[PDB]
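The block underneath contains the structure these notes are about, expressed in structure tokens.
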């Protein structure tokens with residue numbers, strides 16, 4: 001039971017990470033991709049990718 | 001006076017469904033087991049504070065309570081909010097009215113709006129000019145106090161008024177139990193059921209076992 | 001190509017990813033047709049002061065950002081949070097227009113995070129603000145000896161005193177009157193009350209498409225669902241913040257969502 005729970009916990013935190021800013025103006029990639037011209041989307045998406 | 005808000009006043013935080021999930025939040029709420037100033041409206045309505053969202057409440061069979069004068073000074077020098085329910089609808093204003101000394105109804109200014117057993121929980125909070133009024137019209141059975149049992153609260157209203165509102169005053173049909181809790185930034189762990197209704201909420205600023213929860 | 005070889009020994013070698021392409025685009029919106037009163041916002045006969053700037057809220061209409069985008073009569077057009085070209089397609093929760101006249105030497109103070117005698121006491125700007133400000137001089141509209149303009153948390157109207165009037169003379173350059181207008185755009189996850197000139201479109205189901213429900217983007221198999229949305233509920237979600245049903249804004253109904261099948265491609269040889 002502990003093995004299974006550890007793996008599920010790891011997966012869940014990994015997927016939850018997707019909703020974090022890490023310093024971006026958003027965590028929904030398409031918004032930055034649908035809000036900013038490339039000269040700044042470059043910076044934002046770069047932060048998110050890192 | 002003072003009375004013990006057993007588990008009252010859990011409202012649906014935002015407009016997003018969920019199901020079968022224990023989703024924690026951090027929003028304005030009424031802490032568990034607090035003191036709500038049970039007011040004797042037998043045969044009163046003094047000026048009360050509107051600090052950061054007044055959980056109101058009442059329990060009245062005939063809605064003697066029909067007025068809600070919110071603001072900073074309530075003197076027509078600043079825009080003074082006003083709420084009235086006249087036998088069919090909800091009535092909202094902003095205009096500067098020079099009221100009398102005692103807010104009661106017998107038994108520049110730019111915005112207007114129109115639209116015991118009766119448990120009617122509330123919450124009256126303000127965020128970024130979006131005045132809010134949640135609600136629930138509910139059949140219950142108690143005249144003494146705010147009983148046990150648990151029931152959530154929907155939203156009803158939002159308004160972008162942006163009024164500097166500091167205190168307020170209920171206004172009755174002066175010819176009854178009605179309370180005033182108060183709210184502050186707690187953090188709940190509210191639980192959803194299969195149909196999508198909040199069946200059980202858990203504060204954790206309260207006590208250790210709640211923080212372990 | 002992926003093994004960097006010419007001889008592939010017997011095995012099973014993952015090579016790529018098969019992700020079904022989306023079939024088409026589907027755009028739904030509330031059928032509303034009001035025009036936001038951008039005329040008075042920009043053709044006001046008398047603009048407010050820097051301490052008494054007006055804040056009039058617009059809602060429940062459509063806004064053509066191109067007909068204001070082409071405006072060369074204005075001196076500046078700088079949009080911080082978003083690319084102003086995409087405004088015509090972006091649509092969001094609310095707007096807030098703030099008009100007032102300033103001197104030419106203050107237009108730099110209006111920026112997210114900037115300071116100055118104007119940017120701090122009488123007009124603070126938000127730090128996380130998303131939107132932009134427009135401006136233009138008014139040498140032939142305000143200055144005649146125009147001294148009826150005074151100056152003293154963001155957007156607080158704090159209506160020897162600091163009262164002081166601006167000395168405006170039509171013969172001035174940096175000392176000229178400058179009309180300014182700023183907009184605020186709060187991109188909350190909420191039913192949008194205003195949307196740009198985007199025409200609603202039909203809906204198709206059981207097929208990888210590109211759904212856009214009021215701005216909610218993503219691709220999936222829009223199948224009908226029996227999730228009992230209580231009438232105050234707009235979106236759905238799941239264990240880990242994944243949209244899992246929506247409400248068609250043009251006509252109420254609750255339909256599921258599932259991202260259509262992908263999965264790596266393995267090659268046996």
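Checked against (1) more than 14 Å from every other protein chain (Cβ to nearest Cβ); (2) buried (at least 17 other Cβ atoms within 10 Å of the Cβ); (3) over 16 Å from the mean Cα position of the chain (by Cα), residue B:17 passes all but condition (1). All of C:137, C:94, C:122 fail the test of being in contact with a helix residue (DSSP H, G or I) (Cβ under 9 Å, 6 or more places away or on another chain) and either within 30 Å of residue C:60 (Cβ to Cβ) or surrounded by 15 or more Cβ atoms within 10 Å (Cβ to Cβ) (or both), apart from C:137.
Report yes if some residue within segment C:207-227 is more than 30 Å from residue B:198 (Cα to Cα), in contact with a strand residue (DSSP E or B) (Cβ under 9 Å, 6 or more places away or on another chain), away from every other protein chain (no Cβ under 11 Å) and outside any loop (DSSP other than H, G, I, E, B); otherwise report no. Yes - at least one qualifying residue is present in segment C:207-227. If you check C:25, C:73, which single one turns out to be within 14 Å of chain A (Cβ to nearest Cβ), more than 19 Å from the chain's Cα centre (by Cα), surrounded by fewer than 16 Cβ atoms within 10 Å (Cβ to Cβ) and within 27 Å of residue A:36 (Cβ to Cβ)? Just one listed residue meets the conditions, C:25.
Any chance you could count how many residues in segment C:118-131 are over 16 Å from residue C:178 (Cβ atoms) and either assigned to a loop (DSSP other than H, G, I, E, B) or within 19 Å of the chain's Cα centre (by Cα) (or both)?
Within segment C:118-131, residues that are over 16 Å from residue C:178 (Cβ atoms) and either assigned to a loop (DSSP other than H, G, I, E, B) or within 19 Å of the chain's Cα centre (by Cα) (or both) number 8.
Taken over segment B:104-128, the criterion of being more than 21 Å from residue B:157 (Cβ to Cβ) and in a loop (DSSP other than H, G, I, E, B) is satisfied by B:106, B:107, B:108, B:116, B:117. Here is the figure for segment C:228-268: residues that are farther than 20 Å from residue C:205 by Cα and in a loop (DSSP other than H, G, I, E, B) total 8. Please enumerate the residues belonging to segment B:129-155 that are farther than 20 Å from residue B:30 by Cα and assigned to a strand (DSSP E or B). Passing the criteria: only B:139.
For every residue, the table says whether it meets (1) touching a strand residue (DSSP E or B) at 6+ places or on another chain (Cβ under 6 Å); (2) within 14 Å of another protein chain (Cβ to nearest Cβ); (3) closer than 22 Å to residue B:162 by Cα.
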{"residue": "C:98", "(1), (2), (3)": "yes, yes, yes"}
{"residue": "C:126", "(1), (2), (3)": "no, yes, yes"}
{"residue": "C:129", "(1), (2), (3)": "no, yes, yes"}
{"residue": "C:140", "(1), (2), (3)": "no, no, no"}
{"residue": "C:158", "(1), (2), (3)": "no, yes, yes"}
{"residue": "C:167", "(1), (2), (3)": "no, no, no"}
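If you go through segment C:164-185 one residue at a time, do you hit one that is within 30 Å of residue A:23 (Cα to Cα), in a loop (DSSP other than H, G, I, E, B) and within 31 Å of the chain's Cα centre (by Cα)? Among the residues of segment C:164-185, at least one is within 30 Å of residue A:23 (Cα to Cα), in a loop (DSSP other than H, G, I, E, B) and within 31 Å of the chain's Cα centre (by Cα), which makes the answer yes. Scoring residue C:242 on the criteria (1) surrounded by 17 or more Cβ atoms within 10 Å (Cβ to Cβ); (2) within 14 Å of chain B (Cβ to nearest Cβ); (3) touching a helix residue (DSSP H, G or I) at 6+ places or on another chain (Cβ under 9 Å); (4) over 24 Å from residue C:80 (Cα atoms) leaves a single failure, condition (1).
In the set A:31, A:2, only one residue is within 10 Å of chain C (Cβ to nearest Cβ) and more than 11 Å from the chain's Cα centre (by Cα); that residue is A:31. Remark: residue A:37 falls outside the filter, which requires a residue to be more than 9 Å from every other protein chain (Cβ to nearest Cβ) and either farther than 20 Å from residue C:242 by Cβ or loosely packed, with under 12 Cβ neighbours inside 10 Å (or both). Annotation note: of B:39, B:32, the sole residue that is farther than 22 Å from residue B:201 by Cα and away from every other protein chain (no Cβ under 14 Å) is B:39.
Name the residues in segment C:142-163 that are surrounded by 17 or more Cβ atoms within 10 Å (Cβ to Cβ), outside any loop (DSSP other than H, G, I, E, B) and within 34 Å of the chain's Cα centre (by Cα), would you? C:151, the sole residue that qualifies. Here is the figure for segment B:156-196: residues that are in a strand (DSSP E or B) and either in contact with a helix residue (DSSP H, G or I) (Cβ under 8 Å, 6 or more places away or on another chain) or surrounded by fewer than 17 Cβ atoms within 10 Å (Cβ to Cβ) (or both) total 10.
Within segment B:141-152, identify whether any single residue is out of contact with any helix residue (DSSP H, G or I) (no Cβ under 9 Å at 6 or more places or on another chain), surrounded by fewer than 19 Cβ atoms within 10 Å (Cβ to Cβ) and within 17 Å of residue B:84 (Cα to Cα), and answer yes or no. Checking segment B:141-152: not a single residue is out of contact with any helix residue (DSSP H, G or I) (no Cβ under 9 Å at 6 or more places or on another chain), surrounded by fewer than 19 Cβ atoms within 10 Å (Cβ to Cβ) and within 17 Å of residue B:84 (Cα to Cα). Restricting the first member to segment B:14-29 and to residues that are on the phi > 0 side of the Ramachandran plot, and the second to residues that are exposed (fewer than 15 other Cβ atoms within 10 Å of the Cβ), the beta-carbon pairs closer than 8 Å and six or more apart or on different chains are B:20/B:193; B:20/B:194.
FYI the Cβ positions are ideal-geometry reconstructions off the backbone, even for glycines, and counts take in every protein chain you see. Read the figures in this text as sums done on the coordinates, not as results from a lab.
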